[PDB]
Each structure stands twice: as C-alpha cells, then as structure tokens.
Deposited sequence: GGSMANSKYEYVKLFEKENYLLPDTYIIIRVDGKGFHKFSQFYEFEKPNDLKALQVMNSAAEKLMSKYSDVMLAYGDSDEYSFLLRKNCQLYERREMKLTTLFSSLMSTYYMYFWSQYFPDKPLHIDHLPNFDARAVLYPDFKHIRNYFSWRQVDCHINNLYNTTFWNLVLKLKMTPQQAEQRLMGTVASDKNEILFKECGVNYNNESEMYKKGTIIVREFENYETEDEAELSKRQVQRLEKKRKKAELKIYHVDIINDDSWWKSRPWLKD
C-alpha cells in the first residue's frame, strides 16, 4: 500500500521560468525515410505540407496561449505568450503533449488527404518536441528569422537538387556533386538555364514556409500567411499582442 509510494519522491519536475516567452519546436522523426516510404513528391509534397498545416492550426486552436506558429518541411515552432500558465509551465507536460498532439493530428489528417496511402505500423509519423525559453521579444524575432532563413536555404537547395535529378535525369549522387561549392546565385542559374525553372515563381509556401498567427481586432481568429517575417518590421508592429 503506502509502503511503496516513496518511489514518487524520485520524480523531478521542471517548472519553466515565469514571465518568459516559450518556443516549442516539433520536428518529424526520420521524415527522410517516411517521405520515401510514402512516395512524397519531390522537392515538395503539397498535400504532405497541408497535413502539417492542418495539424498545427488545430493544435493552435486548442490552446489560446499559442500566439504564433511557423512551419516548413517536417517542423513547426509554436510561440506561447510569456504569461502562459498552461500545465503550470511544466516542461514535461508542455513538450510530451505537443509531440503527442502533432503526432495524432498528423495521423488524422493524413487519412483525410491520403486515403489511398494507409499508414503502415512500422512507418507511423512521430515527432520530438523541445521547449526553449527566450527572455526578450528580440530573440523571438530572431528565432523565427532563423527558421525562415533555414526554409530558404533548404528549399533552394532541394528544388535545385530534385530538378537536376528529375529533369536532367541525374541520380541523387551526381546531383550532390554538381551542387558542392555552388552559392545561391549559382543554384538559381542552374534552375533557370538547365532545368527551365524560374525559382522566384515557386509557390510562396515552399519558399517562405507557413505562418499561422492569432489576429485581434479591438486590442480571436486564426489566419494563415506565406510571407517574409525577417525584414518586414511593420508585420510585427501591427501585431503587438504577439509580444504581450
């Protein structure tokens, strides 16, 4: 009975520092293999991104403390307002519930968008999740800038890579050697001149990723954007509730 419950004293809770912005980032586990197994289109599978986006928006609509979400590829980052008391700011609760939620929402929406690709039990969509604290909103701006810069680099690379492979019939291995050394202008030239692709004409979602933001009128409703957030300061300034 009560002779075993002392083992409860070995648990250690981690209460995240109060009045600090929390970022929760989730990223698909082994999604390179996952995207091969389910034959994702390359470089970008549109419906696969729409599954991520439905999952993230659904989560965000469940927790009014999530003010802003940014996603691309197999990742999503969620901004929690600094006065968030969700699960008393317990790190274990916030992170394992977020990876659990994204996982199950992903499975739900996958069966909707891909009815002909039923999930195999050895290839279920799993996510990790980590919480990071940022004490000042300038780090929050820089964080999302970090994630959008990364979206740019990876999409430009992948779009070039997969066009070398699919249009020029290169194998993945010869595509990589072709790109070693190349800078951004080079990849652009290769896409236009060799593959007949104008990179600037790629979908805004592929190039910029996806922003889900909570909108307030008399400072709520969820709106989705595919825009620059790195250099457009007015985008943030007209949204002061992201900071409060």
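S.K.: Report the unmodelled segments of the deposited sequence as residue ranges counted from 1.
M.R.: Missing from the model are residues 1-5, 225-246.
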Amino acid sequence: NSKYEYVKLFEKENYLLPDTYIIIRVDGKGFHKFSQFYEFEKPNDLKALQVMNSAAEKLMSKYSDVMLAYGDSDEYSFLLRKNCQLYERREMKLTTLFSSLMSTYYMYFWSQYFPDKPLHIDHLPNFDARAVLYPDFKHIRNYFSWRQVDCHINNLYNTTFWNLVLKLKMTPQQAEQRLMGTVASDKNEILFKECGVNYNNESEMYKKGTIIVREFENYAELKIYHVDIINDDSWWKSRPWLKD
From here on, numbers count along this sequence of modelled residues.
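S.K.: Averaged over C-alpha atoms, is the B-factor higher for 101-109 or for 157-165 in this PDB entry?
M.R.: Stretch with the greater average CA B-factor: 157-165.
S.K.: Going by the mean C-alpha B-factor recorded in the entry, which is higher: 230-238 or 20-28?
M.R.: Mean CA B-factor is higher for 230-238.
S.K.: Compare the CA B factors listed in the entry for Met205, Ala48, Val197, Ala56 and report the winner.
M.R.: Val197 has the highest C-alpha B-factor of those listed.
S.K.: Whose C-alpha has the highest temperature factor in the PDB entry: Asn44, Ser35, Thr210, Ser185?
M.R.: Largest recorded C-alpha B-factor: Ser185.
S.K.: Compare the C-alpha B factor of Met60 with those of the other modelled residues in its chain, then answer lowest, middle or highest third.
M.R.: Tercile = middle for this residue's CA B-factor.
S.K.: Taking the entry's C-alpha B-factors for this chain, is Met52 in the lowest, middle or highest third?
M.R.: Within its chain, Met52 is a lowest-third residue by C-alpha B-factor, going by the deposited values.
S.K.: Against its chain's modelled residues, does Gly71's Cα B factor rank lowest, middle or highest third?
M.R.: Answer is lowest: the recorded C-alpha B-factor places it there.
S.K.: For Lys117, return the chain-relative third of its C-alpha B-factor as stated in the PDB record: lowest, middle or highest.
M.R.: It belongs to the highest third of the chain when residues are ordered by C-alpha B-factor.
S.K.: Using the B-factors in the PDB entry, rank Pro172's C-alpha atom against the chain and give the third, lowest, middle or highest.
M.R.: Highest third.
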